[PDB]
Amino acid sequence: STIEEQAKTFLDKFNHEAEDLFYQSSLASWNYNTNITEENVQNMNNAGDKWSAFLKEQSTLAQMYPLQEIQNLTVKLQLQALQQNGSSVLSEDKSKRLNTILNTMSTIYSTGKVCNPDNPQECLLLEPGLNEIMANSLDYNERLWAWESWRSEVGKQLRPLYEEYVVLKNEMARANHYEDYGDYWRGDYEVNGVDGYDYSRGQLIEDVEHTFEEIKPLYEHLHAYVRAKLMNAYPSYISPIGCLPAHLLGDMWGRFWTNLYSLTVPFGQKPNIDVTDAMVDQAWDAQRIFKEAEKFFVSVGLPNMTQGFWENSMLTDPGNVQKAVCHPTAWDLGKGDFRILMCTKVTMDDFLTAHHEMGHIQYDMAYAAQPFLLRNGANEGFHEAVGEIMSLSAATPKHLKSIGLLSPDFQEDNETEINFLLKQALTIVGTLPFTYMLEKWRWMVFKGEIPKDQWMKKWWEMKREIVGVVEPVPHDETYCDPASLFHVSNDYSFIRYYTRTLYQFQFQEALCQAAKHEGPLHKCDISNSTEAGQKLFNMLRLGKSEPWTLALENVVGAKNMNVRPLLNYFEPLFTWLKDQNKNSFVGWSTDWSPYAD
Amino acid sequence: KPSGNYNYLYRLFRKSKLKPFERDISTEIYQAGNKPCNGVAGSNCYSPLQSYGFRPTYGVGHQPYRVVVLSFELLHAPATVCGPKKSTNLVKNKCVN
Ligand SMILES: *[C@@H]1O[C@H](CO)[C@@H](O[C@@H]2O[C@H](CO)[C@@H](O)[C@H](O)[C@H]2NC(C)=O)[C@H](O)[C@H]1NC(C)=O
Ligand SMILES: *[C@@H]1O[C@H](CO)[C@@H](O[C@@H]2O[C@H](CO)[C@@H](O)[C@H](O)[C@H]2NC(C)=O)[C@H](O)[C@H]1NC(C)=O
Ligand SMILES: *[C@@H]1O[C@H](CO)[C@@H](O[C@@H]2O[C@H](CO)[C@@H](O)[C@H](O)[C@H]2NC(C)=O)[C@H](O)[C@H]1NC(C)=O
Ligand SMILES: *[C@@H]1O[C@H](CO)[C@@H](O[C@@H]2O[C@H](CO)[C@@H](O)[C@H](O)[C@H]2NC(C)=O)[C@H](O)[C@H]1NC(C)=O
Ligand SMILES: *[C@@H]1O[C@H](CO)[C@@H](O[C@@H]2O[C@H](CO)[C@@H](O)[C@H](O)[C@H]2NC(C)=O)[C@H](O)[C@H]1NC(C)=O
Ligand SMILES: *[C@@H]1O[C@H](CO)[C@@H](O)[C@H](O)[C@H]1NC(C)=O
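Listed as the method for this PDB entry is cryo-EM; the listed resolution is 3.95 Å.

The name the PDB entry assigns to chain A is Processed angiotensin-converting enzyme 2, from the organism Homo sapiens. In UniProt, chain A has this text filed under Sequence similarities: "Belongs to the peptidase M2 family."

Structure, rendered in structure tokens:
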């Protein structure tokens, strides 16, 4: 007859009913996702709304147990993850307005159009063609027109909606004792009551700003190299001591630089490893790839596939009429059912994406013993890191020369080493400054440090200060550039892409020390080494049961995220770069501009 | 069956643990708190009977298994149920045993 012994009694029934209803809803969602028809849409929406209403009723019922007297930590975690009102704490009118403006923002982002100044009946959407002109073209004026029009004709519609979404989210977060909407987002890395692993929401900003301070000595050199190379594709447009114009980076916003590799390849006379002709000329089918991936995963000591995975998963594209949107995902329908959905071909990128997906599948198979509310990653960034280190280790020449895709000798030279490391750097270390800057800007906006009459000015100031790119055309306070991004207009968090990049290399260097590696870090494999599988499974089976700063210690040996593994991974490229800029000027000045003339 | 088989129940709420070899068929509302509920579902008063959601697309570990438990016992009876042996053929014109 206590206020704790009722919590477990309620939690058992909730777990049972929730598992049942969630399996129903997820099965309906899969039935739609793999077979796009008309009745399947309503068959999925029905179960979806039923599960949502059930969760809402359980949430408004679980507010009878005060979190102040609960003593056990697992039941406390479950109740706290179930108790949060979230939205709907506002009045009804405000909630309707917020939902309407969110839907309007998503619709405006999805279906925007911009057409030529000399032929107004040939406009293209973003996805099929705009980020293709921005990715494949080599003409200055065309890229400039695209980058300017996509922000002038679609961005100008999002400002009077963002200026209200900010206020609505601020109120929704202040009604839950969070002081702003940014603290609500950082509330995922929050840890209380462990006596040795505490982590307050406010320390995340300090950790990010103190770990980003060690990457600049590498990003500056990479930037100087990219600039000294770009000054040969568009001469008389880049000055040797200025920033890079924000439209010559490779895509619409400059999030990834990977589309620049055709211009800045160090040794353009050595083709990097691409085992796609061997796979095709050795008659490899869509099932052999998954068999090889399962063999690799069972080599390290993780369990086999559940045998319910081979009969129901959709590995091949259904031909005649079964039109199905196949973006590769791994499903966790529950009750011991794991499925994979991807229209695979026989190439190398899908051969790596198979390992990436089986990473998520193994993760979801590991912690399937915890209660329902604790079936997730340790935080919002562990899942993709676990899924990524596998594909990172599954593309090394030592591994590919033992499966059979490569010749058994395949003489190696340091030139292909540099090629691969540089192609990796233009995607890994090329997005961290942009991510950190965008997150800092959104935090400073939500908190209230930037009055609404100084948004674009501070945004471009921070872009000139941190990332190192400058706008090609002045932008006044009528535009809205941040809202023209997908993650900003649909209300998605962005800080996870900065912690995943560090967790990935921390895990990699931690496991590569268990397999007793000898050479540099980027030539290691964790296959055929059983201790690595044990060290990884010691963290895989936890879920959200323990604070993430504990599951991070079980594999690495530290308490917080670090940045030394990344520089240890990129050391060779770092040296070769430091020996390449004897005549250039490493760094940038924030005064030059492509219109100040 | 597809779409669920809700005809196999299992009781998960009992005030006291079961003594060896006892069977209970009660369906009274298990009362967890301190307030009488007089036999209606709601808060802190739950119904103790729940049903498996058996479906064919399950993984080994949630599919329905059938169990048959045998028990053996000898209280005092001299000649009872016993297994069959081999009817030793009967020979003739030959003494032995
Ligand atoms: C994909 O969905 C469609 C629409 O529901 C299915 O088409 C019908 O499905 C019902 C359901 O059993 C069958 O009774 C009909 O015979 C189906 N019609 C046709 C023309 O096939 C379709 O079967 C689904 N795809 C698969 C592989 O089952
Ligand atoms: C309350 O906390 C205790 C320990 O803090 C939990 O006890 C664990 O229970 C699991 C499964 O019931 C066992 O596998 C562990 O061995 C137990 N730990 C210890 C140290 O004995 C208990 O589970 C918690 N309550 C609930 C409802 O989960
Ligand atoms: C969650 O929302 C409710 C309102 O929907 C908050 O207010 C409590 O609501 C209950 C239910 O009617 C009342 O009995 C309490 O008096 C209300 N005030 C309290 C508990 O201070 C509730 O506080 C919210 N909880 C959280 C954790 O945000
Ligand atoms: C992992 O270990 C296995 C077994 O030791 C290796 O498989 C053998 O590798 C040798 C080396 O050439 C071959 O001669 C054998 O034919 C292989 N056996 C089989 C059954 O294929 C495997 O190559 C190792 N993998 C790595 C990446 O080291
Ligand atoms: C790749 O390795 C070779 C040697 O294995 C390097 O070639 C030497 O580079 C030094 C640097 O000045 C010269 O002094 C030597 O004379 C070079 N050796 C020969 C045989 O010419 C080469 O520089 C390395 N390249 C990279 C990109 O790391
Ligand atoms: C996994 O499956 C393969 C073949 O299906 C079998 O040879 C192997 O022993 C299995 N391993 C485990 C751990 O189940």
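**Q** A description of the overall build of chain A should follow, citing residues and the corresponding values.
**A** In terms of helices and strands, chain A carries 24 helices and four strands. What you see for chain A is a C-alpha radius of gyration of 25 Å, in line with the 25 Å of a compact globule of 597 residues. Projected onto its principal axes, the C-alpha coordinates of chain A cover approximately 80 × 65 × 55 Å. Looking at chain A as a whole, 51% of its 597 residues are labelled buried. For chain A, contacts bridging at least 24 residues in sequence account for 75% of all contacts bridging at least 6.

**Q** Describe in detail the pattern of salt bridges, supporting the description with residues and values.
**A** All names here are of chain A. Applying the stated criterion to the full structure yields 20 salt bridges over all chains. The shortest N-O distance in the salt bridge between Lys-216 and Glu-213 comes to 3.2 Å. For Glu-213, a relative accessible area of 45% puts it in the partly exposed group. Between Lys-523 and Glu-417 there is a salt bridge, with its nearest N and O atoms 2.7 Å apart. Residue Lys-523 is located in the loop between α21 (496-514) and α22 (530-540), and its partner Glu-417 is located in helix α17 (residues 414-428); the two are separated by 106 residues in the primary sequence. With a relative accessible area of 29%, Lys-523 lands in the partly exposed category. Residue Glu-417 is classed as buried on the basis of its relative accessible area, which comes to 19%.

**Q** Which residues make up helix α24 (residues 564-578) of chain A, and what values go with them?
**A** At 3.6 residues per turn, the α-helix brings residues three or four places apart onto the same side. All names here are of chain A. Counted at 1.5 Å a residue, the expected span for α24 with its 15 residues is 21 Å, but the 18 Å between its end C-alpha atoms falls short. Along α24, the sharpest kink reaches roughly 60 degrees, centred on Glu-571 and followed within four residues by the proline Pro-572. Residues of α24 that are buried: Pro-565, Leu-566, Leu-567, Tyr-569, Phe-570, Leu-573, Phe-574, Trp-576 and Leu-577. Lining the buried residues of α24 we find α10 (216-230), α15 (382-393), α17, α18 (432-447) and α21.

**Q** Could you give me a rundown of the site of ligand 5, with the residues and numbers involved?
**A** Residue and element names in this part refer to chain A. Every residue near ligand 5 is listed here: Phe-267, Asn-414 and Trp-576. Between an oxygen atom of ligand 5 and a side-chain N or O atom of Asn-414, the distance comes to 2.4 Å. Burial of ligand 5 by the protein chains amounts to 20% of its free accessible area of 590 Å².

**Q** Help me get a handle on α17(A), residues and values and all.
**A** Helix length check: α17(A), at 15 residues, gives a terminal C-alpha distance of 21 Å against a target of 21 Å (1.5 Å per residue), a fit within 8%. In the core, the buried residues of α17(A) are packed alongside α10, α18, α21 and α24 of chain A.

**Q** Now, about the interface of chain B and chain A: what can you tell me, with residues and values included?
**A** The interface of chain B with chain A comprises 17 residues on the first partner and 17 residues on the second. Carbon and sulfur atoms supply 51% of the area that chain B and chain A bury against each other, a total of about 1,600 Å² over both sides. It is B:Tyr46, B:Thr57 and B:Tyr58 in chain B that bury the most area against chain A; as a group they hold 28% of the surface buried on that side. If you look at where chain B meets chain A, you find one salt bridge. For B:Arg55, the salt bridge goes to A:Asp20, with nearest N and O atoms at 3.5 Å. Put simply, chain B and chain A have eight residue pairs in polar contact between them. Along the lines of polarity and charge, the residues of the side of chain B that touches chain A split into seven nonpolar, nine polar and one charged.

**Q** Tell me about the packing of aromatic side chains, residues and numbers included.
**A** Residues and elements named next belong to chain A. Summed over all chains, the structure comprises 47 aromatic pairs over all chains. With centroids separated by 6.2 Å and ring planes inclined at 85 degrees, the aromatic side chains of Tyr-162 and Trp-455 adopt a geometry described as edge-to-face. Of this pair, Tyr-162 sits in helix α7 (residues 159-174) while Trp-455 sits in helix α19 (residues 455-467), placing them 293 residues apart in sequence. The two residues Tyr-162 and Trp-455 agree in class, both being buried.

**Q** Talk me through the nonpolar core; I want residue IDs and the actual numbers.
**A** All names here are of chain A. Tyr-165, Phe-382, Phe-507, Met-539, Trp-548 and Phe-570 are the most contacted members of the largest nonpolar core, which has 150 residues in total. Of all the elements, α18 adds the most residues to this core, at ten residues. Apart from residues lying up to four places away in sequence, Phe-570 is in contact with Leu-421, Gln-424, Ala-425, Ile-428 and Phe-505. Judged by nonpolar contacts, the second largest core, of 19 residues, contains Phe-14, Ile-70, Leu-82 and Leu-373.

Criteria and thresholds
- Within each chain the first residue of the written sequence is number 1 and the count goes on from 1 in that order, possibly differing from the entry; residues lacking coordinates are omitted.
- Chains carry letters and ligands carry numbers; both start at the beginning, A for chains and 1 for ligands, and go up in the order they are written.
- Any value mentioned applies to the visible chains, which represent part of a larger assembly rather than the whole.
- For the side-chain quantities, the full set of heavy atoms in the structure was used; hydrogens and water were omitted.
- UniProt positions are given in the numbering used here, feature names are shortened, and annotations may be inferred rather than shown by experiment.
- Only runs of H or I of at least four residues qualify as helices and only runs of E of at least two qualify as strands under DSSP, and these elements are numbered from the N terminus.
- It is over C-alpha atoms that the radius of gyration is taken, and the globule rule equals 2.2 Å times the number of residues to the power 0.38.
- For the exposure calls, accessible area comes from a 1.4 Å probe over protein chains only, and a residue counts as buried if that area is under 20% of its type's maximum, exposed if over 50%, partly exposed in between.
- The contact rule is simple, with two residues in contact once any of their heavy atoms fall within 4.5 Å.
- Definition used for salt bridges: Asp or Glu carboxyl oxygen within 4 Å of a side-chain nitrogen of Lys or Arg.
- What a helix should span is 1.5 Å times the count of its residues minus one.
- To get the bend at a given residue, fit one axis to the seven residues ending there, fit another to the seven starting there, and take the angle between those axes.
- By convention in these notes, a residue is near a molecule or strand provided one of its non-hydrogen atoms lies within 4 Å of it.
- Two N or O atoms form a polar contact when they lie within 3.5 Å of each other; inside protein one atom must be a possible hydrogen donor and the other a possible acceptor, and for residues adjacent in sequence the pair counts only when both atoms belong to side chains.
- Here the open area of atoms and residues is found with the Shrake-Rupley method and a 1.4 Å probe, where only the protein chains shown may cover a residue.
- By convention, the term buried area covers the 1.4 Å-probe accessible surface removed from two parts as they join, with the contributions of both added.
- Note on residue categories: nonpolar means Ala, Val, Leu, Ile, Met, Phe, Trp, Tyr, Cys or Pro, charged means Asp, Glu, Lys or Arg, and polar means any other residue, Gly included.
- Any two rings among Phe, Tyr and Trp, with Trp reduced to its six-membered ring, count as a pair given centres within 6.5 Å; such a pair is stacked if its planes are under 30 degrees apart, edge-to-face if over 60, and tilted if neither.
- Only buried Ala, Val, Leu, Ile, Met, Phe, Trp, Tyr and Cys residues count toward a nonpolar core, and they belong to the same one when joined by side-chain atoms within 4.5 Å.

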